[PDB]
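Chemist:
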Amino acid sequence: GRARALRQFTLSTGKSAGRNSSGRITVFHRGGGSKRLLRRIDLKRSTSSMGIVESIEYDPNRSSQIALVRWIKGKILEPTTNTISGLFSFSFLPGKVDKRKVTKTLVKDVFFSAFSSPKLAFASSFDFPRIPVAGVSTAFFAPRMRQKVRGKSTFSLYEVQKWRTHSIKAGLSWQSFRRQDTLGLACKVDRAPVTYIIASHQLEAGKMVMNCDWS
Amino acid sequence: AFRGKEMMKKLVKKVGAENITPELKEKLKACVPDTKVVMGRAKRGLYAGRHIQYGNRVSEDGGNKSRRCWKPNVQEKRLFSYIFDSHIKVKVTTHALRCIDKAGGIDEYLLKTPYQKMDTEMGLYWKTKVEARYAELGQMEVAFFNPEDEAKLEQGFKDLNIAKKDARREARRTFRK
Amino acid sequence: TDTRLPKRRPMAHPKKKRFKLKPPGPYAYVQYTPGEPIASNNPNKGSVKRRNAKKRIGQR
Amino acid sequence: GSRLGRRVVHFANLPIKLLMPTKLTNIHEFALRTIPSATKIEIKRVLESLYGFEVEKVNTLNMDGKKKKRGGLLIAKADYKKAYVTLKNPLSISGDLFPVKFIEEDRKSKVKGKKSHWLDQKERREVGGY
Amino acid sequence: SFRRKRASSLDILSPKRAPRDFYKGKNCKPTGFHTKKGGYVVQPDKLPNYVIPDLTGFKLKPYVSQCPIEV
Amino acid sequence: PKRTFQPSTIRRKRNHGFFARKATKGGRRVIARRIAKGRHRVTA
RNA sequence: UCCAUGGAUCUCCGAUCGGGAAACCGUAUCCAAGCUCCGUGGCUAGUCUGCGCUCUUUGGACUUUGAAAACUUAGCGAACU
RNA sequence: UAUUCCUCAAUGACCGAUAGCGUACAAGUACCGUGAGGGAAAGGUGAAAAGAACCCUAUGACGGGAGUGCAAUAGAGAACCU
RNA sequence: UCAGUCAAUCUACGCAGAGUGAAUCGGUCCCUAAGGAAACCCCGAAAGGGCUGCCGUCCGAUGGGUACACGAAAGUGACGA
Ligand SMILES: [K+]
Ligand SMILES: [K+]
Ligand SMILES: [Mg+2]
Ligand SMILES: [Mg+2]
Ligand SMILES: [Mg+2]
Ligand SMILES: [Mg+2]
Ligand SMILES: [Mg+2]
Ligand SMILES: [Mg+2]
Ligand SMILES: [Mg+2]
Ligand SMILES: [Mg+2]
Ligand SMILES: [Mg+2]
Ligand SMILES: [Mg+2]
Ligand SMILES: [Mg+2]
Ligand SMILES: [Mg+2]
Ligand SMILES: [Mg+2]
Ligand SMILES: [Mg+2]
Ligand SMILES: [Mg+2]
Ligand SMILES: [Mg+2]
Ligand SMILES: [Mg+2]
Ligand SMILES: [Mg+2]
Ligand SMILES: [Mg+2]
Ligand SMILES: [Mg+2]
Ligand SMILES: [Mg+2]
Ligand SMILES: [Mg+2]
Ligand SMILES: [Mg+2]
Ligand SMILES: [Mg+2]
Numbered sequence: 008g009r010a011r012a013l014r015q016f017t018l019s020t021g022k023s024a025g026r027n028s029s030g031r032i033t034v035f036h037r038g039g040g041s042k043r044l045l046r047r048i049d050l051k052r053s054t055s056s057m058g059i060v061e062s063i064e065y066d067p068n069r070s071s072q073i074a075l076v077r078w079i080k081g082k083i084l085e086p087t088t089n090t091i092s093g094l095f096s097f098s099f100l101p102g103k104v105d106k107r108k109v110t111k112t113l114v115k116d117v118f119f120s121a122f123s124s125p126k127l128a129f130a131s132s133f134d135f136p137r138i139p140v141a142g143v144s145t146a147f148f149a150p151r152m153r154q155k156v157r158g159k160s161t162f163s164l165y166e167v168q169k170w171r172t173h174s175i176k177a178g179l180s181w182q183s184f185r186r187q188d189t190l191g192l193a194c195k196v197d198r199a200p201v202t203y204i205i206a207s208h209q210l211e212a213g214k215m216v217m218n219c220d221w222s
Numbered sequence: 629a630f631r632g633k634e635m636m637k638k639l640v641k642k643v644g645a646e647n648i649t650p651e652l653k654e655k656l657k658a659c660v661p662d663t664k665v666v667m668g669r670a671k672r673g674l675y676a677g678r679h680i681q682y683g684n685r686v687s688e689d690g691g692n693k694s695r696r697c698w699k700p701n702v703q704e705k706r707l708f709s710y711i712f713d714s715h716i717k718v719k720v721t722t723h724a725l726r727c728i729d730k731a732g733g734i735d736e737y738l739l740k741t742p743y744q745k746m747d748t749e750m751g752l753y754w755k756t757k758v759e760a761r762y763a764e765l766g767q768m769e770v771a772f773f774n775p776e777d778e779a780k781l782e783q784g785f786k787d788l789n790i791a792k793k794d795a796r797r798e799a800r801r802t803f804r805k
Numbered sequence: 108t109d110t111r112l113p114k115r116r117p118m119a120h121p122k123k124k125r126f127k128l129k130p131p132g133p134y135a136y137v138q139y140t141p142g143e144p145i146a147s148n149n150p151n152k153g154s155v156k157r158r159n160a161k162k163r164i165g166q167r
Numbered sequence: 044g045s046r047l048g049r050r051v052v053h054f055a056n057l058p059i060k061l062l063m064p065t066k067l068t069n070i071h072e073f074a075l076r077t078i079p080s081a082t083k084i085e086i087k088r089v090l091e092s093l094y095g096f097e098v099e100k101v102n103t104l105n106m107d108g109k110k111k112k113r114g115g116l117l118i119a120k121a122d123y124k125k126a127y128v129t130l131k132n133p134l135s136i137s138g139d140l141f142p143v144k145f146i147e148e149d150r151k152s153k154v155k156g157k158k159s160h161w162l163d164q165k166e167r168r169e170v171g172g173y
Numbered sequence: 016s017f018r019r020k021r022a023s024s025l026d027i028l029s030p031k032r033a034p035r036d037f038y039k040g041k042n043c044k045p046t047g048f049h050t051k052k053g054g055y056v057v058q059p060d061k062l063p064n065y066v067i068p069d070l071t072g073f074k075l076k077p078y079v080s081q082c083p084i085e086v
Numbered sequence: 053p054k055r056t057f058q059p060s061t062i063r064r065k066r067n068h069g070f071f072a073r074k075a076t077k078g079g080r081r082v083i084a085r086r087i088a089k090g091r092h093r094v095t096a
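Chains as they are written, first to last, in our numbering: chain G, 8 to 222; chain R, 629 to 805; chain E, 108 to 167; chain P, 44 to 173; chain B, 16 to 86; chain V, 53 to 96.
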């Protein structure tokens, strides 16, 4: 070969001869050509740069010609509040009022153990639901676990929350959530960035090439 | 065909046969679904008991009969969940969507529908997860604040936001330095 | 009194190929001499070729 | 104890069947038969430790057992391994041992059908194979 | 000793009666590891060690005498 | 003339071998049928 | 010799630790606990203590359910005649 | 109530070596086919081997005598009753 | 005795015994092509079919390799008539 293409932009692919994944012919009258190698071409050109056309080469995979281009440019007292104006307790949202576990083995405990991990949760992954606070959304609220003995009213700035106004997220999948629950299961002087582009008419070596971005 | 027994064998093998008393076995026999589901894609979606049907297509003049099928109206949708605060991507029939409308959402449907009617091991898993999260929510309470405290905490949050911004910019410029 | 060390067994964990270690993007940073055209291949003193072929020629 | 090695054998059971050599004097190598799952290092170490040989090299080859087929019925013998052991010093075998004289006398029944120079050796080393 | 086999046992592939790249082996224990260059390295800890005590001057014999001594 | 059987051991094992029959559902039924009949050569 | 009961040894594929042209190849699983022997380090030096692996006991971490004629219950379902 | 991959005992106006299972006998064997697959043949000396020492003629006894045995054309080497 | 286009003393025929020696030869081993398959995901009355990549695994010579192990924004191995 007189001019081998640049080894960073040469890929190898076979021939199909019109045969699909099942092996049967779907496009007729193809097959038995010459051997080819695939060239990688920048068809996006989204990066805004300046370049010098180095050479115009031959590409067997397409009718036009390609061009090799080297690119030359491109701890304070928090407001602790002890006054609460009202307490709301989510005790009817389960839909059935029942006591809290720590003993007979129950159906719900069997179904919890059968679908649990291989080896509280209202944080980190999902956080506090917006529903709780739905009667009045723009109000600073402090969630807390309900205690058997009467609790304290001291509330620091870290323990008070308010969905701003931005939120008036991601999305789970019905059949692929169990797997995810299961743990997840300028350079130096000797270098030069170069790319392959589709050469235009009247574009020879030594010329300028621009990529422009929105202004 | 004997789907209840083949699901009960898997559940027993997961949980350990020594762990269950005979009364718990008798109770667990009445929660595992014993429905007739054969098609593969109905075990991966919320179909609410709709299945395919194979029957005859009959011509008008000749009466000639040739085989055909009726398929359920399966649609892929995103349904909003109140306790997960996000969408769940499912393949529901419109029959299941209408039942969800009557129940009041996907979460309320999962709470209301009993274990035998879930038809599916993934349905059992999702009902169990939603019930566990609602039992977690059943032991919490929120406390609201007076407007003077509203203003005080708003001012405190403004102070912490502007101090964090100043300290972050100072750290960035010193690391640049 | 041998202070020499024994040869060690190769490990069987999968190894990354050099195609995946290359940074992504359209640009390739090639070796550049600032007055000479860009060559597509730069063999050095350790690039030997056709060793099995020379073995077969010697056998024949 | 077990800290001495990973593979320590106290009761070896490797069966070695010696093949009768052609000559009685100046024996430089000998052949033997054993089980197919034996290794050169196992044969060399058993022969050095148990009998007191001075082994130089061990060369092995596999053989199939003898078979007879009579159209559907098949009878056969077990597969074996043949080993050649080369000695560092020549050894010898006396004639008076049974059945050496019978072996030589039966072997010679089947096979019925001067100018020495200066610096010429007499007993040279006769080793075959690769 | 001749023993009976089945005539269908001749169909089991053996490297003596196979193409040149067929490898079966004879259940020998390994002594080292293969290299990446087609060689082999013998690890000396995997070689067998034989503990044969000195048998000179031993008074016991392979057989037990069967002379008539007593009931 | 060139006859139809041209032998090749690797091709024989790759088409009618034990693990080639064990790989698909038809060959597993072939193996079950052979064992039930009582053939000495279950696979080729 | 033989019989009854209980023991010691008990290769490989099918097959399930990974690969595979079935009867072959490669394989010290991993982590806490407490014990004899082992070697090495450090003290003011005497029933002084502190570091390791190899192999042993007891647990728990990963997974290996599994075959089979007809009967039973389900799904799809012909054509000759 | 249904069936028999299985076990134990019993019965037959069921068959009797071209019959009865494909197989009374080392048969899913030999053999045919790339493969799925197809698929045989072949029972009997005598009560007991006492299976014919010895002689003659041929290269060689399976022959002609002799002898064993009730009987030897009852004298065979996967085969000798009629 | 059978087979050999024999009446054969001979033999690729019957009985018995013996014979194949490897750091370098040919394989095993490492690496991949065409191709095959698992996992994840997608589809489907069941059985199964697709997908092998954006982060991704195991096999597969008719080809590329011959005196440690680990890593790579370095070169390359590297090829027509
Ligand atoms: K019809
Ligand atoms: K008679
Ligand atoms: Mg050899
Ligand atoms: Mg046997
Ligand atoms: Mg050979
Ligand atoms: Mg083995
Ligand atoms: Mg295995
Ligand atoms: Mg069953
Ligand atoms: Mg018959
Ligand atoms: Mg008759
Ligand atoms: Mg007849
Ligand atoms: Mg055949
Ligand atoms: Mg006679
Ligand atoms: Mg009679
Ligand atoms: Mg003749
Ligand atoms: Mg003659
Ligand atoms: Mg002859
Ligand atoms: Mg011969
Ligand atoms: Mg070699
Ligand atoms: Mg591929
Ligand atoms: Mg594929
Ligand atoms: Mg698949
Ligand atoms: Mg695989
Ligand atoms: Mg490989
Ligand atoms: Mg090759
Ligand atoms: Mg080449």
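Backbone N, C-alpha and C define an ideal beta-carbon position, used for all residues, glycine too.
1) Which partner residues does residue 215 of chain G have in the DSSP bridge list?
2) What residues from chain G crowd round residue 767 of chain R, counting only those whose CB sits closer than 7 Å?
3) Taking contact to mean at least 3 C-beta pairs separated by less than 8 Å, is the region 68 to 76 of chain G in contact with the region 95 to 113 of chain G?
4) Hey, how far is the Cα of residue 673 of chain R from the Cα of residue 660 of chain R?
5) Beta-carbon within less than 7 Å of residue 162 of chain G's beta-carbon, same chain only, minus the 5 sequence neighbours each way: which residues are those?
6) According to a CB-to-CB cut-off of less than 8 Å, which residues of the region 110 to 136 of chain E neighbour chain B?
7) Counting only Cβ-Cβ distances shorter than 8 Å, please list the residues of the region 53 to 73 of chain V near chain B, keeping chain order.
8) Is residue 32 of chain B near ligand 5, with its Cβ less than 7 Å from a heavy atom?
9) When you compare only the Cα positions, how much space is there between residue 146 of chain P and residue 155 of chain P?
10) Assign residue 105 of chain V to one of two classes, buried (16 or more other C-beta atoms within 10 Å of its C-beta) or exposed (fewer than that).
11) Measure the C-alpha to C-alpha separation of residue 726 of chain R and residue 169 of chain G and round it to an integer number of angstroms.
12) Along the alpha helix (DSSP H) that carries residue 131 of chain P, what are the first and last residues, could you check?
13) Report the residues of the region 70 to 104 of chain P with a CB closer than 8 Å to any CB of chain B, ordered along the chain.
14) Using beta carbons (cut-off 8 Å, strictly below), is residue 81 of chain V in contact with chain B?
15) Have a look at residue 646 of chain R and residue 655 of chain R and give me their C-alpha separation to the nearest angstrom.
16) So which residues of chain B does residue 93 of chain V contact, with C-beta pairs closer than 9 Å?
17) Grab me the residues of residue 109 of chain P's own chain with a C-beta within less than 8 Å of its C-beta, minus the 5 sequence neighbours each way, in chain order.
18) Is the CB of residue 69 of chain B under 8 Å away from at least one CB in chain P?
19) Whose CA, out of E:149, E:144, E:158 and E:155, lies closest to the CA of residue 63 of chain G?
20) Let me see if you follow: with CB-CB separation under 8 Å, is residue 77 of chain B close to chain V or not?
21) Could you check the C-alpha separation between residue 764 of chain R and residue 711 of chain R for me, to the nearest Å?
22) For the pair the region 682 to 698 of chain R and the region 707 to 723 of chain R, tell me if three or more CB-CB distances fall below 8 Å.
23) Name the two residues that bound the continuous beta strand (DSSP E) containing residue 105 of chain P.
24) Figure out for me which residue from P:54, P:67 and P:46 has the closest Cα to the Cα of residue 139 of chain P.
25) Taking the alpha-carbon positions, what's the residue 59 of chain P to residue 90 of chain P distance?
26) Only counting the same chain, and skipping five residues up and downstream in sequence, which positions put a Cβ closer than 6 Å to that of residue 64 of chain P?
27) Within the same chain, show all residues whose beta-carbon is closer than 7 Å to that of residue 94 of chain V, passing over the 5 residues directly before and after it, in chain order.
28) With H, G and I counted as helix, E and B as strand and the rest as coil, what does DSSP make of residue 727 of chain R?
29) Report yes or no: do the region 198 to 206 of chain G and the region 125 to 139 of chain E share at least 3 C-beta pairs separated by less than 8 Å?
30) I'd like to check one pair, residue 101 of chain P with residue 86 of chain P: are the Cβ atoms closer than 8 Å?
31) Going residue by residue through the region 659 to 744 of chain R, where are the continuous alpha helix (DSSP H) segments of at least 4 residues, counting only ones entirely within it?
32) Check whether chain B comes within 8 Å of residue 139 of chain P, counting only Cβ atoms and requiring the distance to be less than that.
33) Among residues of its own chain, excluding the 5 on either side of residue 189 of chain G, which ones have a beta-carbon nearer than 8 Å to its beta-carbon?
34) So, is the C-beta of residue 151 of chain E closer than 8 Å to a C-beta in chain G?
Modeler: Taking the structure as given:
1) G:59
2) 107, 152 and 153
3) no
4) 18 Å
5) 87, 88 and 149
6) 113, 114, 116 and 117
7) 61, 62 and 65
8) yes
9) 15 Å
10) Beyond the ends of chain V as shown, which are 53 and 96, falls residue 105 of chain V; an answer cannot be given.
11) 35 Å
12) Careful: residue 131 of chain P lies outside any alpha helix (DSSP H), inside the beta strand (DSSP E) at 123 to 134.
13) 79, 80, 81, 82, 84, 85, 88, 89, 92 and 93
14) no
15) 16 Å
16) 23 and 26
17) 119 and 120
18) no
19) E:144
20) no
21) 10 Å
22) no
23) 98 to 106
24) P:67
25) 9 Å
26) 70 and 73
27) 83, 86 and 87
28) helix
29) yes
30) yes
31) 722 to 731 and 734 to 740
32) no
33) 124 and 125
34) no
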